[PDB]
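**Q** What follows is model12.pdb; its format and atoms are PDB, C-alpha atoms and all ligand atoms.
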ATOM      1  CA  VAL A   1    -196.638  93.125  75.699
ATOM      2  CA  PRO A   2    -197.817  90.281  73.427
ATOM      3  CA  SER A   3    -201.551  90.047  72.910
ATOM      4  CA  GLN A   4    -203.526  87.500  74.921
ATOM      5  CA  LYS A   5    -207.132  88.293  73.826
ATOM      6  CA  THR A   6    -209.062  85.201  72.683
ATOM      7  CA  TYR A   7    -209.820  85.385  68.965
ATOM      8  CA  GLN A   8    -211.491  82.356  67.453
ATOM      9  CA  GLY A   9    -211.328  83.994  64.017
ATOM     10  CA  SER A  10    -212.502  82.751  60.612
ATOM     11  CA  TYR A  11    -211.667  79.094  61.351
ATOM     12  CA  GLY A  12    -213.341  78.912  64.775
ATOM     13  CA  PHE A  13    -210.089  78.149  66.540
ATOM     14  CA  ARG A  14    -210.159  76.983  70.135
ATOM     15  CA  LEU A  15    -208.150  74.768  72.473
ATOM     16  CA  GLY A  16    -208.857  71.441  74.163
ATOM     17  CA  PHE A  17    -206.823  69.459  76.712
ATOM     18  CA  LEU A  18    -205.961  65.808  77.411
ATOM     19  CA  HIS A  19    -205.574  64.628  81.022
ATOM     20  CA  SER A  20    -202.330  62.668  81.387
ATOM     21  CA  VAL A  21    -200.582  62.822  87.164
ATOM     22  CA  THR A  22    -198.244  64.400  84.621
ATOM     23  CA  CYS A  23    -200.633  66.947  83.051
ATOM     24  CA  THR A  24    -204.151  68.031  84.004
ATOM     25  CA  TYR A  25    -206.302  70.944  82.926
ATOM     26  CA  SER A  26    -208.909  72.876  84.870
ATOM     27  CA  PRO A  27    -211.612  74.412  82.634
ATOM     28  CA  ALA A  28    -212.900  76.428  85.602
ATOM     29  CA  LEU A  29    -209.487  78.046  86.072
ATOM     30  CA  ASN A  30    -208.416  77.820  82.373
ATOM     31  CA  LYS A  31    -205.205  76.482  83.819
ATOM     32  CA  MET A  32    -202.950  73.592  82.985
ATOM     33  CA  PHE A  33    -200.986  71.898  85.775
ATOM     34  CA  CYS A  34    -198.049  69.811  84.625
ATOM     35  CA  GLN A  35    -194.776  68.183  85.574
ATOM     36  CA  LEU A  36    -191.340  69.367  84.530
ATOM     37  CA  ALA A  37    -190.319  68.132  81.063
ATOM     38  CA  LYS A  38    -193.339  65.805  80.696
ATOM     39  CA  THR A  39    -195.837  65.554  77.830
ATOM     40  CA  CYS A  40    -198.529  68.251  77.802
ATOM     41  CA  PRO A  41    -201.071  67.492  75.104
ATOM     42  CA  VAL A  42    -202.742  70.617  73.775
ATOM     43  CA  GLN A  43    -205.504  70.141  71.204
ATOM     44  CA  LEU A  44    -206.318  72.509  68.361
ATOM     45  CA  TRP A  45    -209.979  72.527  67.360
ATOM     46  CA  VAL A  46    -211.192  74.290  64.234
ATOM     47  CA  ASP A  47    -214.649  74.590  62.631
ATOM     48  CA  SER A  48    -213.080  74.730  59.168
ATOM     49  CA  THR A  49    -209.617  73.864  57.868
ATOM     50  CA  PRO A  50    -206.953  76.588  57.628
ATOM     51  CA  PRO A  51    -205.110  76.643  54.274
ATOM     52  CA  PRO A  52    -201.571  75.965  53.089
ATOM     53  CA  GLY A  53    -198.787  77.550  55.109
ATOM     54  CA  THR A  54    -200.674  77.960  58.416
ATOM     55  CA  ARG A  55    -198.413  77.867  61.482
ATOM     56  CA  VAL A  56    -198.998  77.321  65.203
ATOM     57  CA  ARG A  57    -196.987  79.420  67.652
ATOM     58  CA  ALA A  58    -196.643  78.979  71.423
ATOM     59  CA  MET A  59    -195.207  81.711  73.677
ATOM     60  CA  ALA A  60    -195.118  82.142  77.442
ATOM     61  CA  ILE A  61    -195.730  85.483  79.153
ATOM     62  CA  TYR A  62    -196.013  86.573  82.792
ATOM     63  CA  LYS A  63    -199.624  86.921  83.976
ATOM     64  CA  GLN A  64    -198.897  89.606  86.613
ATOM     65  CA  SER A  65    -199.028  93.155  85.216
ATOM     66  CA  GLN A  66    -195.845  94.048  87.157
ATOM     67  CA  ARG A  67    -193.827  91.453  85.243
ATOM     68  CA  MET A  68    -195.773  91.551  81.966
ATOM     69  CA  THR A  69    -192.909  93.174  80.006
ATOM     70  CA  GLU A  70    -190.327  90.630  81.214
ATOM     71  CA  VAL A  71    -189.281  87.704  79.010
ATOM     72  CA  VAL A  72    -190.171  84.254  80.337
ATOM     73  CA  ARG A  73    -187.186  81.951  80.095
ATOM     74  CA  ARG A  74    -185.532  79.022  81.848
ATOM     75  CA  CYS A  75    -183.595  79.627  85.045
ATOM     76  CA  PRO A  76    -179.765  79.436  84.861
ATOM     77  CA  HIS A  77    -179.805  76.046  86.580
ATOM     78  CA  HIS A  78    -182.168  74.451  84.043
ATOM     79  CA  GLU A  79    -180.403  76.151  81.127
ATOM     80  CA  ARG A  80    -177.155  74.480  82.233
ATOM     81  CA  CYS A  81    -178.684  70.973  82.595
ATOM     82  CA  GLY A  82    -179.757  69.811  70.344
ATOM     83  CA  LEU A  83    -182.932  71.329  68.926
ATOM     84  CA  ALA A  84    -184.405  73.662  71.537
ATOM     85  CA  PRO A  85    -182.052  76.442  72.616
ATOM     86  CA  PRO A  86    -181.278  75.868  76.321
ATOM     87  CA  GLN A  87    -182.920  79.187  77.302
ATOM     88  CA  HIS A  88    -186.367  78.259  75.931
ATOM     89  CA  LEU A  89    -189.024  77.252  78.453
ATOM     90  CA  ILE A  90    -191.399  75.591  75.979
ATOM     91  CA  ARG A  91    -190.407  72.691  73.730
ATOM     92  CA  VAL A  92    -192.358  70.536  71.296
ATOM     93  CA  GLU A  93    -191.836  66.759  71.241
ATOM     94  CA  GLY A  94    -192.793  64.255  68.544
ATOM     95  CA  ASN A  95    -192.534  66.653  65.627
ATOM     96  CA  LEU A  96    -189.789  66.819  62.982
ATOM     97  CA  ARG A  97    -190.606  70.376  61.891
ATOM     98  CA  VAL A  98    -190.196  72.429  65.068
ATOM     99  CA  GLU A  99    -188.850  75.989  64.777
ATOM    100  CA  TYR A 100    -187.408  77.778  67.820
ATOM    101  CA  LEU A 101    -187.555  81.522  67.457
ATOM    102  CA  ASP A 102    -186.351  84.619  69.299
ATOM    103  CA  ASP A 103    -187.797  88.075  68.655
ATOM    104  CA  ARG A 104    -185.104  90.510  67.536
ATOM    105  CA  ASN A 105    -186.628  93.498  69.356
ATOM    106  CA  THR A 106    -188.339  91.950  72.399
ATOM    107  CA  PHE A 107    -186.055  88.915  73.035
ATOM    108  CA  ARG A 108    -189.129  86.768  73.593
ATOM    109  CA  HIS A 109    -188.980  83.103  72.737
ATOM    110  CA  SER A 110    -191.498  81.082  70.831
ATOM    111  CA  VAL A 111    -191.839  77.650  69.327
ATOM    112  CA  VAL A 112    -193.645  77.088  66.027
ATOM    113  CA  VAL A 113    -194.891  74.038  64.150
ATOM    114  CA  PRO A 114    -196.836  73.799  60.892
ATOM    115  CA  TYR A 115    -200.581  73.369  61.267
ATOM    116  CA  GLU A 116    -201.613  69.813  60.416
ATOM    117  CA  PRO A 117    -205.212  68.599  60.240
ATOM    118  CA  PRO A 118    -206.478  65.937  62.720
ATOM    119  CA  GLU A 119    -205.281  62.347  62.334
ATOM    120  CA  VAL A 120    -207.721  59.531  61.514
ATOM    121  CA  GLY A 121    -210.365  59.004  64.197
ATOM    122  CA  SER A 122    -209.719  62.406  65.787
ATOM    123  CA  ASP A 123    -211.573  65.694  65.539
ATOM    124  CA  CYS A 124    -208.597  67.746  66.778
ATOM    125  CA  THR A 125    -204.873  68.238  66.210
ATOM    126  CA  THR A 126    -202.710  67.439  69.214
ATOM    127  CA  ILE A 127    -199.380  69.106  69.912
ATOM    128  CA  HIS A 128    -197.149  67.734  72.671
ATOM    129  CA  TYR A 129    -195.558  70.572  74.591
ATOM    130  CA  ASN A 130    -192.959  70.243  77.356
ATOM    131  CA  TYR A 131    -192.196  72.893  79.973
ATOM    132  CA  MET A 132    -188.530  72.868  80.999
ATOM    133  CA  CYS A 133    -188.508  74.827  84.290
ATOM    134  CA  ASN A 134    -190.674  74.627  87.413
ATOM    135  CA  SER A 135    -192.946  77.535  88.322
ATOM    136  CA  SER A 136    -190.945  77.902  91.572
ATOM    137  CA  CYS A 137    -187.429  78.148  90.061
ATOM    138  CA  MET A 138    -185.452  81.119  91.440
ATOM    139  CA  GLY A 139    -183.783  83.217  88.724
ATOM    140  CA  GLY A 140    -186.590  82.122  86.423
ATOM    141  CA  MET A 141    -190.336  82.219  86.990
ATOM    142  CA  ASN A 142    -189.753  82.386  90.776
ATOM    143  CA  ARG A 143    -193.396  81.541  91.613
ATOM    144  CA  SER A 144    -194.769  84.069  89.067
ATOM    145  CA  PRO A 145    -197.757  82.615  87.175
ATOM    146  CA  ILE A 146    -197.429  82.381  83.406
ATOM    147  CA  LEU A 147    -199.761  82.211  80.449
ATOM    148  CA  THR A 148    -199.139  80.218  77.281
ATOM    149  CA  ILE A 149    -200.486  81.950  74.187
ATOM    150  CA  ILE A 150    -201.265  79.746  71.199
ATOM    151  CA  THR A 151    -201.517  81.645  67.911
ATOM    152  CA  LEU A 152    -202.709  80.357  64.540
ATOM    153  CA  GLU A 153    -200.820  82.399  61.915
ATOM    154  CA  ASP A 154    -200.347  82.561  58.171
ATOM    155  CA  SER A 155    -196.943  82.040  56.576
ATOM    156  CA  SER A 156    -196.131  85.768  56.936
ATOM    157  CA  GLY A 157    -197.084  85.896  60.621
ATOM    158  CA  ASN A 158    -200.535  87.458  60.268
ATOM    159  CA  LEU A 159    -203.086  86.569  62.913
ATOM    160  CA  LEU A 160    -205.676  83.880  62.147
ATOM    161  CA  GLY A 161    -206.648  82.889  65.704
ATOM    162  CA  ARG A 162    -205.518  83.170  69.321
ATOM    163  CA  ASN A 163    -206.166  81.311  72.567
ATOM    164  CA  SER A 164    -204.359  81.075  75.897
ATOM    165  CA  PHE A 165    -204.206  79.181  79.164
ATOM    166  CA  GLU A 166    -202.436  79.617  82.483
ATOM    167  CA  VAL A 167    -199.710  77.096  83.356
ATOM    168  CA  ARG A 168    -198.248  75.843  86.606
ATOM    169  CA  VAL A 169    -195.259  73.524  86.336
ATOM    170  CA  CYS A 170    -195.088  71.612  89.597
ATOM    171  CA  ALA A 171    -194.342  68.350  91.401
ATOM    172  CA  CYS A 172    -197.916  67.133  91.888
ATOM    173  CA  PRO A 173    -200.276  68.632  89.270
ATOM    174  CA  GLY A 174    -203.401  66.748  90.430
ATOM    175  CA  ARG A 175    -202.939  67.877  94.016
ATOM    176  CA  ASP A 176    -202.223  71.488  93.108
ATOM    177  CA  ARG A 177    -205.256  71.559  90.786
ATOM    178  CA  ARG A 178    -207.514  70.310  93.605
ATOM    179  CA  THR A 179    -206.189  72.959  96.021
ATOM    180  CA  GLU A 180    -206.704  75.866  93.591
ATOM    181  CA  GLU A 181    -210.193  74.662  92.594
ATOM    182  CA  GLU A 182    -211.340  74.134  96.188
TER
HETATM  183 ZN    ZN B 201    -185.639  76.093  86.451
END
Written as structure tokens, that's how I'd like the structure from this file.
Ligand SMILES: [Zn+2]

**A**
Amino acid sequence: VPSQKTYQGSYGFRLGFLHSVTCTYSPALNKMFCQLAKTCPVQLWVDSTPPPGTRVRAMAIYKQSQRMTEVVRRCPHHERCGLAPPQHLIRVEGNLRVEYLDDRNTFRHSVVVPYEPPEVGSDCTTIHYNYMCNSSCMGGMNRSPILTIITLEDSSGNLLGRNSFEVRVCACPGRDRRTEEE
């Protein structure tokens, strides 16, 4: 099982979220609610700047202990529907340097981009993720809750920082957020 323990590390790495309803985040639940294939802005916040060659990895895992060892991937239907391999749940949009990776021993998927510092006028770096299957899809997540783990890594894959958030991919994110909060 991939690690999910929060580790702010030497650079004081944490996550922030931009309300878009296509994407909305509940701090109380540490849970993002989003629509299929739509923009999910995830912000990287650091106290100090990580150095040359730093990478940002995203990986989905099942939250439930009974499915923890199972690989999260798209359902056959959504796989069937030229950068992201069709099996990958998580894509990155708006970035020319996206790497799609598959672990040789675990078969787990991840998507990696280089760390870039914040743009002018911003105090954070925003990455636009897309989730390519609904939480409810049979033969995929099948209503099993997932966690996205965001890892800051050096060029050799060593850990610099780790954060995570739950995700629900659904038709009406604002409504589902309200229900789970209340
Ligand atoms: Zn699906």

**Q** Can you work out which one of A:134, A:43, A:158, A:10 has the shortest atom-to-atom distance to residue 89 in chain A, counting all atoms listed in the file?

**A** A:134

**Q** I'd like to see the residues matched by the PyMOL selection byres (((not hetatm)) within 7 of (chain B and resi 201)) on this file, and ideally I'd get them as number ranges by chain.

**A** A: 74-78, 132-134, 137, 140

**Q** Which of these residues is nearest to residue 86 in chain A, using all atoms listed in the file: A:62, A:131, A:115, A:45?

**A**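 Going through A:62, A:131, A:115, A:45 one by one, the smallest distance to residue 86 in chain A is for A:131.
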
**Q** I'd like the neighbourhood of residue 13 in chain A as a PDB file with C-alpha atoms, keeping the file's coordinate frame, where a residue qualifies if any of its atoms comes within 8 Å (using all atoms listed in the file), though same-chain residues fewer than 5 positions away should be ignored.

**A**
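What follows is the written file out-v2.pdb:
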ATOM      1  CA  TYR A   7    -209.820  85.385  68.965  1.00  0.00           C
ATOM      2  CA  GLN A   8    -211.491  82.356  67.453  1.00  0.00           C
ATOM      3  CA  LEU A  44    -206.318  72.509  68.361  1.00  0.00           C
ATOM      4  CA  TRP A  45    -209.979  72.527  67.360  1.00  0.00           C
ATOM      5  CA  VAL A  46    -211.192  74.290  64.234  1.00  0.00           C
ATOM      6  CA  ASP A  47    -214.649  74.590  62.631  1.00  0.00           C
ATOM      7  CA  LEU A 152    -202.709  80.357  64.540  1.00  0.00           C
ATOM      8  CA  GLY A 161    -206.648  82.889  65.704  1.00  0.00           C
ATOM      9  CA  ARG A 162    -205.518  83.170  69.321  1.00  0.00           C
ATOM     10  CA  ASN A 163    -206.166  81.311  72.567  1.00  0.00           C
TER      11      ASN A 163
END

**Q** What does the distance between CA of residue 26 in chain A and CA of residue 177 in chain A come to in Å, to one decimal place?

**A**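 According to the coordinates, CA of residue 26 in chain A and CA of residue 177 in chain A are separated by 7.1 Å.
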
**Q** Could you tell me, as an MDAnalysis selection string, exactly which residues end up selected when the PyMOL selection byres (((chain A and resi 58) around 9) and not hetatm) is applied to this structure?

**A** chainID A and resid 56:57 59:60 90 109:113 148:151

**Q** Just say which residues the PyMOL selection byres (((chain A and resi 68) around 12) and not hetatm) picks in this file, as a ChimeraX atom specification.

**A** /A:1-4,60-67,69-72,108,141,144-147

**Q** Give me the residues within 7 Å of range 168-172 of chain A as an mmCIF file with C-alpha atoms, in the frame of the given file, counting only C-alpha atoms and dropping any in the same chain fewer than 4 places off.

**A**
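As written to disk, result34.cif reads:
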data_model
loop_
_atom_site.group_PDB
_atom_site.id
_atom_site.type_symbol
_atom_site.label_atom_id
_atom_site.label_comp_id
_atom_site.auth_asym_id
_atom_site.auth_seq_id
_atom_site.Cartn_x
_atom_site.Cartn_y
_atom_site.Cartn_z
ATOM 1 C CA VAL A 21 -200.582 62.822 87.164
ATOM 2 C CA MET A 32 -202.950 73.592 82.985
ATOM 3 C CA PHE A 33 -200.986 71.898 85.775
ATOM 4 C CA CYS A 34 -198.049 69.811 84.625
ATOM 5 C CA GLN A 35 -194.776 68.183 85.574
ATOM 6 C CA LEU A 36 -191.340 69.367 84.530
ATOM 7 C CA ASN A 134 -190.674 74.627 87.413
ATOM 8 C CA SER A 135 -192.946 77.535 88.322
ATOM 9 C CA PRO A 145 -197.757 82.615 87.175
ATOM 10 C CA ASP A 176 -202.223 71.488 93.108
#
